[PDB]
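Protein chains in written order, with the working numbering: chain L, 40 to 196; chain W, 877 to 1032; chain H, 877 to 1032; chain Z, 3 to 194; chain V, 574 to 658.
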């Protein structure tokens, strides 16, 4: 749309929200593959923040590009590494969600604020395979990565 | 289109005919899922008529949602429960076709008029699984369910 | 699109230059199945011109069918009928190439301008099998069929 | 009915078409080796429920066709899950595989007609038992890899037709968006 | 307009960008009509081989995550291809 399209060039950082994402219960409904920042540079945020950020986006793009194919040919036709990034990407999609203090009337969850180092570490860890044994849902709608381990135990029964 | 879209609000019943359905030889080419009636209410038509109608529409909608997979992969990749709704749905579709007196030149069949009770019974029986053994084509271009059964026996 | 659609109403032929063909080294890189003519009609050109062209087409189309059965079973599991059409088709593909006079500088080969009756004759005979004893690369970058003989001797 | 949609649908189906075509040919090569290997295994074959299928799906009604004639050993991953050995169908069945199966101990399997068709002392007994396990097994992958080749042929052709039809829809929508957008501009300009 | 006016185009894509192909150049679509005439002999040499090997890669690139029993010749195309990429 001319209006939003013309606004992009006036910005240093953009957060793009998506109805397709909100529809899933992923809130905040941010598109991880359409939000950008002028300071997303290894010389500014450091190579560790940057390499994790880029790794998260890669695994989501790869999943995005698999979605529709396996939705027809089945999950079984995937190699044991193609389906590894499927499980991991789905955890990461869930770990990007987060209950907002200001959204308690909607989530029924207490709001969480997550420090940068913990955000980075959390995603670093899922990317590295550290939680392949936890279930997808444990990553849905929590703050720090410890809350997802907590949640996994709570789910066990 | 503005013309038809504006007309919908003026009607108590709408019969929406579909080219897609026509081209499959279903006549009359009524879209079972796009045609509605303000008196389709259990307090007006009674609960048996209402329930059979809603059951037909459910199976047809269920079938419609399976049709993406059918188009690419075909019947073989379906579960046994889904193969059943497909085969009942396809029977229902054909049972909704009907020879019209006015269209005898085009069908090559004599025209039929079906009493409402025989209409309810026929579809009620198909839904209940009473004719899973009969082939699809037996339900095409008949009046009452009895004709599709006779037609089934004739197909030897 | 209106622009191409309006243009096509005026076209009597298409010449389709193809990158696939170019990378296979066939000059000129004309797609022999994709290019068409409106006057490719026995009532307009020869009844002999028409059947040679139709025969060339069918064999080139038939060669394409067999190309899946080659990278699977190898070019030996084919029947004697099917081996024959591969050998003839490939000689036809190469026989459709031509050294141009206008490209004497860049290449080095001498330019050829083939008369219509000689073009018709050449292809009619590769189809007949009057050159099955000759090697495949005898037909490449020559003019008339008389240079396919001269080039097959110079390779002995 | 959005240019946005159509483009996504088109992207997936072009790749499905490419996959199913490669899978078609993988199976075509496997059916090739399996039909030739079937010769010294059919005449060789002339001299509790056992269900013979495999691990891999996408071969139409191979796995469900024996599972129906089933209703107790299930050779093939797919037979245990729809109703006991893993890692079959993938690599051609050796007489050694047939012995690994019989060591752990009516036979139901798919018998190869064509690429398109298929239908569902105490030292001597052990060799004749393994002679049946092997026979059913060799017959089975011929029938599976034929079927998968065929089914993957069909899916590829079905995807290809859907691609054609969606491209047409794409261009019709594409042209109408241009025209509608222009008519809006004109009507506004004219009304002044 | 600007596509027909120019001698060639470098096409960038979002999807290449997030897959890690940065710079995000669609090498199958991008074109320079000047081409070789604007390359030194040394580049011309290796670039010519790269082009061909990448084209042949593109033909096969969807058998990547769906390829167990591909012939060794095409595992070679896949491998040379991901590496050149």
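Beta carbons: idealized from backbone N, C-alpha and C, even for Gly.
* **CB contact below 8 Å: residue 17 of chain Z versus chain V** => yes
* Asked: Got a sec: which bits of the region 157 to 177 of chain Z sit with their beta carbon under 8 Å from any beta carbon on chain W, in order along the chain?
  -> 157, 160, 161 and 164
* Go ahead and pull the three-state DSSP assignment for residue 56 of chain Z. => coil
* Asked: Which term fits residue 657 of chain V, buried or exposed, when burial requires 16 or more other beta carbons within 10 angstroms of its beta carbon?
  -> exposed
* Going by other Cβ atoms of all chains shown within 10 Å of its Cβ, with 16 needed for buried, is residue 180 of chain L buried or exposed? -> buried
* Residues within the region 144 to 156 of chain Z neighbouring chain W, beta-carbon criterion of under 7 Å -> 153 and 156
* **Short CB-CB distance (under 8 Å) between residue 1003 of chain W and chain Z** => no
* Asked: Can you name the residues of chain Z whose CB is closer than 8 Å to the CB of residue 112 of chain L?
  -> 18, 21, 22 and 60
* Give the DSSP-derived three-state secondary structure of residue 56 of chain L in the structure shown. => strand
* For the beta strand (DSSP E) holding residue 598 of chain V, just list the boundary residues, first then last. => Element bounds for residue 598 of chain V: n/a, residue is neither H nor E.
* Could you pull out every residue in the same chain whose Cβ sits closer than 8 Å to the Cβ of residue 914 of chain W, ignoring the five residues on either side in sequence? => 888 and 889
* To do: Tell me whether residue 184 of chain L is buried or exposed, calling it buried when 16 or more other Cβ atoms sit within 10 Å of its Cβ.
  => buried
* Where does the unbroken beta strand (DSSP E) through residue 932 of chain W begin, and where does it stop? -> Careful: residue 932 of chain W lies outside any beta strand (DSSP E), inside the alpha helix (DSSP H) at 923 to 949.
* Reference residue 970 of chain H, options H:981, H:982 and H:936, closest by Cα -> H:936
* To do: Measure the C-alpha to C-alpha separation of residue 905 of chain H and residue 132 of chain Z and round it to an integer number of angstroms.
  => 60 Å
* Of the residues W:1008, W:1011 and W:1003, the one placed nearest residue 932 of chain W, counting alpha carbons only -> W:1003
* Starting from residue 1018 of chain H, follow the beta strand (DSSP E) in both directions and report where the run begins and ends. => Counting along the chain, residue 1018 of chain H falls outside any beta strand (DSSP E), and DSSP gives it neither H nor E.
* Please compile the residues from chain V whose C-beta is within a distance smaller than 8 Å of the C-beta of residue 121 of chain L. => 638
* CB contact flag (residue 164 of chain Z, residue 110 of chain Z, <8 Å) -> no
* **Residue-level contact to chain L via CB, residue 593 of chain V, 8 Å cutoff** => yes
* To do: Sort out for me which residues DSSP pairs residue 76 of chain L with in a bridge.
  => L:52
* Identify every run of the alpha helix (DSSP H) within the region 946 to 996 of chain H, keeping only runs that are complete inside it and at least 4 residues long; order them along the chain. => 946 to 949, 956 to 971 and 980 to 983
* Asked: Using a beta-carbon distance below 8 Å, is residue 63 of chain Z in contact with chain W?
  -> yes
* Asked: Should the region 992 to 1003 of chain W be regarded as contacting the region 949 to 968 of chain W, the criterion being three or more beta carbon pairs within less than 8 Å?
  -> yes
* To do: Look up residue 906 of chain H in the DSSP assignment and give the residues it is bridged to.
  => H:893
* To do: Look at residue 73 of chain L and residue 60 of chain L and say whether their C-beta atoms are less than 8 Å apart.
  => no
* To do: Below 8 Å on the Cβ atoms is my guess for residue 137 of chain L versus residue 182 of chain L; work out the distance and round it to an integer in Å.
  => 6 Å
* To do: Under 8 Å Cβ to Cβ from residue 85 of chain Z, same chain only, skipping five residues before and after it: list those, please.
  => 53, 69, 72, 73 and 76
* In this structure, does DSSP put residue 170 of chain L in helix, strand or coil? -> coil
* Asked: For residue 630 of chain V, does the three-state DSSP call read helix, strand or coil?
  -> helix
* Quick one: grab the DSSP three-state call for residue 116 of chain Z. => coil
* Just checking, does the region 636 to 645 of chain V make contact with the region 18 to 26 of chain Z on the three C-beta pairs under 8 Å criterion? -> yes
* **CB contact check: residue 108 of chain L to chain Z, cutoff 8 Å** => yes
* Asked: Thinking C-beta only, is residue 40 of chain Z closer than 8 Å to residue 114 of chain Z?
  -> yes
* is_contact[residue 163 of chain L, chain V] using C-beta, thresh 8 Å -> no
* To do: Select from the region 617 to 642 of chain V all residues with a C-beta closer than 8 Å to any C-beta belonging to chain L, and list them in chain order.
  => 638, 639 and 641
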